[PDB]
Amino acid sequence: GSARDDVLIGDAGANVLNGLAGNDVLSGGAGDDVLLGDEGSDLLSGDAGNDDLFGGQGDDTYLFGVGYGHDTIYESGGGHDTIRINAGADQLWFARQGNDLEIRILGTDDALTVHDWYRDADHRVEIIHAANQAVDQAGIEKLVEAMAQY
């Protein structure tokens, strides 16, 4: 990684990838990775394996989808973070687990957890972009409330 925009590409093992400043792309590959966007607007994709994703400050994009395993987002700041899930919104479940938000793809064991979502706004992502539609924070909370009474 460098202060410039980098494309950081892991391998099938457990990799640590730190983007540093600049608007980076982090592709972990298989294995259980640690990905840090740091400063800047970063795109993080843990891919297969159970990954820890730290977008950092700035407006970060997290990818998720079928076969991505159990990944955990640890946010730090930014008013325009996004999760881009390669599935229809009609296949997403939302639940509060402790202080975390858990997002599941129905029919799979792929699960994305936002650590400490419910602690304060700096831990949150602001939009979920599914294949067909976008869901904002008020929308995510309505889904969590609806799904908890399901």
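Just count from 1 along the sequence shown to find any residue number.
The question of which stretch, 130-138 or 5-13, has the higher mean Cα B factor is settled in favour of 130-138. Looking at mean Cα B-factors across 99-107 and 24-32, the upper value is held by 99-107. Across the residues 63, 48, 112, 87, the deposited record lists the maximum Cα B factor for 87. In this structure the maximum Cα B-factor among 39, 120, 52, 59 is found at 120.
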